[PDB]
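Chains L and H are the protein sequences, given in the same order. Counting with the authors' numbering, you get residues 1 to 212 for the letters of the first sequence. Counting with the authors' numbering, you get residues 2 to 52, 52A, 53 to 82, 82A to 82C, 83 to 100, 100A to 100J, 101 to 128, 133 to 215 for the letters of the second sequence. Here the structure is laid out as structure tokens; the discussion comes afterwards.
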Amino acid sequence: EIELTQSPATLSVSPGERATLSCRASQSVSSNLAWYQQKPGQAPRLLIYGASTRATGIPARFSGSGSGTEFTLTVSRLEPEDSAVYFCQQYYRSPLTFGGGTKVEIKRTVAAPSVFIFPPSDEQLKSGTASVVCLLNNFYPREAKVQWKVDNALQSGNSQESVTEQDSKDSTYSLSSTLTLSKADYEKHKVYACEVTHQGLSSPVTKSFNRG
Amino acid sequence: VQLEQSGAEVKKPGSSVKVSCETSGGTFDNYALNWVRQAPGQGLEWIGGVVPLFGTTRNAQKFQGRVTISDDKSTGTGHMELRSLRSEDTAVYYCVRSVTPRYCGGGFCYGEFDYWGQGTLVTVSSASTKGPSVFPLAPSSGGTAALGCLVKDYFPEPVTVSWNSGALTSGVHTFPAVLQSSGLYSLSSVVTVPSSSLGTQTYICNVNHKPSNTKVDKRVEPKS
């Protein structure tokens, strides 16, 4: 039941600065701690076993520190490859527990999205549904607003969207809003558009297509 | 020098699942096989382990009487079995090997988790599996273009995609599946490509969905 509490949960730091995570055991694990790094998609990779003894093939930018009820993993001069969630685990006594982790965004210069709109396929329409897709590629800060306008009226409740984890080279994000309609409702309306507000665009951006 | 786990199974609630850990390369000096799971977007949860050294086992109480962790001395591989499966067990499972111990007490040995496997997603659901349908995100316009593939209405995760049978890598973005109202997932993969490229260069997306043994390759060309 050794509850490990990782604080803080979110971090955004500028490249080449210094990120500092803390793991704080509830009941003194005493030097028997580990720090794993999980990049997007990938399995975890061990960084630091013992309190602060870096594992094989890890660069020395990563440093551990701590004993008993309080620990610290710090990374200096951050590369963009270091965008990851960071977990701490104890092995003092069973059962083995992990912290909830600490996602770390790597800051970069602001970048405006490229926007692309994709009309549904003629093949999909023979099914009985229609799927319009808006793509905002390679952009930063993560926050963005994507609004769907059909027949020029604003849409609500009929789009989902999903965003990538921060890219590990450029430090950007990419996003896909998908608007879904039945075939019939899609054939009655003519003009389809997604309006994109982003901190790196002086004013909103619309990409549109007229059916036919 | 790395661990290889079985494919991603999907089991109905109340049944059992077995996950393996063949070792690419040879076997290697290690003392422990453990398993840790990570639910969809959650953190890590230890499941249990063997230490053949002492012939002993540890589990978490979630798994008491439900789990069995095996280490074949010869092959250097571990199968792992989890019975009486709940919807709550749906997660990615990780094989983990440890090389040298760091504390032994009470008949078990604990250490660093030196080596991790690729991960294995087992989904527990009475829902029937359905494989995807794949439609093209064709492009149009004079500089860089963007084309894609839409993977719709498939129930068990996961779904992997690649472009030109792994040939194309740069500027590819494949999005986190979103679960639809229907109860099926949907996913989109795209890639940014020079405008001059089209017509000449062919673009095909290859999407596998092993829980249904279906792979579909889809050709993506600009439309007339």
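Each residue gets a CB set at the ideal place from its N, CA and C atoms; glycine is no exception.
Contacts that residue i makes with chain L (C-beta to C-beta distance below 7 Å)
i          : result
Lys206(H)  : None at all; the shortest Cβ gap to chain L is about 18 Å.
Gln64(H)   : Here the premise fails: no neighbours, minimum Cβ distance about 11 Å.
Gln105(H)  : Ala43
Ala60(H)   : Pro95
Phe100E(H) : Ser94
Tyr91(H)   : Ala43
Backbone secondary structure at residue i - three-state DSSP
i         : result
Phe71(L)  : strand
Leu4(H)   : strand
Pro95(L)  : coil
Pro123(H) : strand
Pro80(L)  : helix
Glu81(H)  : strand
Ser121(L) : coil
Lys183(L) : helix
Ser70(H)  : coil
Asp101(H) : coil
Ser188(H) : helix
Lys126(L) : helix
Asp86(H)  : helix
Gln61(H)  : helix
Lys188(L) : helix
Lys201(H) : helix
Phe146(H) : coil
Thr164(L) : coil
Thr151(H) : strand
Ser208(L) : strand
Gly101(L) : coil
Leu4(L)   : strand
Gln43(H)  : coil
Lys39(L)  : coil
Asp30(H)  : coil
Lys13(H)  : coil
Integer-rounded CB distance, given that residue j should sit under 8 Å from residue i
i         : j         : result
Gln6(L)   : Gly100(L) : 5 Å
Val67(H)  : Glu81(H)  : 7 Å
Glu5(H)   : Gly104(H) : 7 Å
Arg82A(H) : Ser21(H)  : The Cβ separation is near 16 Å, so there is no contact.
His200(H) : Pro119(H) : 5 Å
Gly65(H)  : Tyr91(H)  : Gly65(H) to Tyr91(H), Cβ: 22 Å. No contact.
Contact list for residue i against chain L, beta-carbon separation under 8 Å
i              : result
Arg99(H)       : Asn32, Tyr49, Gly50 and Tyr91
residue 129(H) : As shown, the structure holds no coordinates for residue 129(H); chain H passes over it, running from 128 to 133.
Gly118(H)      : Correct list: empty, because the minimum Cβ distance to chain L is about 15 Å.
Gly100H(H)     : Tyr49 and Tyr91
Under 9 Å by beta carbon: chain L residues contacting residue i
i         : result
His79(H)  : Per Cβ cutoff of 9 Å: no residues; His79(H) is ~19 Å from chain L at best.
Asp101(H) : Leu46, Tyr49, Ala55 and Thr56
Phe54(H)  : What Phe54(H) touches in chain L: nothing, since even the nearest Cβ is about 13 Å away.
Environment of residue i [buried if 16+ CB atoms lie within 10 Å]
i         : result
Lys13(H)  : exposed
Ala153(L) : exposed
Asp71(H)  : buried
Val2(H)   : exposed
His189(L) : exposed
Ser203(L) : exposed
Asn138(L) : buried
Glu3(L)   : exposed
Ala40(H)  : exposed
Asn59(H)  : buried
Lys214(H) : exposed
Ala9(L)   : exposed
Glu70(L)  : exposed
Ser177(H) : buried
Contacts of residue i in chain H (Cβ-Cβ under 9 Å)
i         : result
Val133(L) : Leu124, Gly139, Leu141, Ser179 and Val181
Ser65(L)  : Chain H residues near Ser65(L): none, gap ~17 Å exceeds 9 Å.
Residues that residue i contacts on chain H, provided the C-beta gap is smaller than 7 Å
i         : result
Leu96(L)  : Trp47
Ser162(L) : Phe166, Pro167 and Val169
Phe71(L)  : Going along chain H, no residue has its Cβ under 7 Å from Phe71(L), so there is no contact; the nearest lies around 15 Å.
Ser121(L) : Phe122 and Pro123
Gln166(L) : Simply none; closest approach about 12 Å.
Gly101(L) : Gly44
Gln124(L) : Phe122
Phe116(L) : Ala137
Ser174(L) : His164
Under 8 Å by beta carbon: chain H residues contacting residue i
i       : result
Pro8(L) : Result: empty, since nearest Cβ-Cβ is about 15 Å, beyond 8 Å.
Decide if the region 75-90 of chain L is in contact with the region 12-30 of chain L; the criterion is three or more beta carbon pairs, one per stretch, under 8 Å apart.
-> Contact between the region 75-90 of chain L and the region 12-30 of chain L is present: 3 or more CB-CB pairs across the two stretches fall below 8 Å.
Is it true that the region 134-146 of chain H meets the region 179-197 of chain H, where meeting means three or more beta-carbon pairs spaced less than 8 Å apart?
-> Yes: at least three Cβ pairs fall under 8 Å.
Quick one: any contact between the region 41-50 of chain L and the region 106-119 of chain L, if contact means 3 or more CB pairs under 8 Å?
-> no
For the 8 Å Cβ check, are there 3 or more pairs between the region 145-164 of chain L and the region 181-199 of chain L?
-> yes
Please determine if the region 162-172 of chain H and the region 111-120 of chain H are in contact, where contact requires at least 3 C-beta pairs separated by less than 8 Å.
-> no
Is the region 133-146 of chain L touching the region 163-181 of chain L, taking contact as three or more C-beta pairs under 8 Å?
-> yes
How do the region 204-212 of chain L and the region 198-214 of chain H stand: do at least 3 beta-carbon pairs fall below 8 Å, yes or no?
-> no
Pairing CB atoms from the region 53-64 of chain L with CB atoms from the region 138-151 of chain L, are three or more of them under 8 Å?
-> no
Against chain B: residues of the region 177-188 of chain L by CB proximity under 9 Å = Among the protein chains in the structure shown, which are L and H, there is no chain B.
Could you tell me whether the region 83-97 of chain L touches the region 114-125 of chain L, where touching means 3 or more Cβ pairs closer than 8 Å?
-> The answer is no - the region 114-125 of chain L does not touch the region 83-97 of chain L, with fewer than three Cβ pairs under 8 Å.
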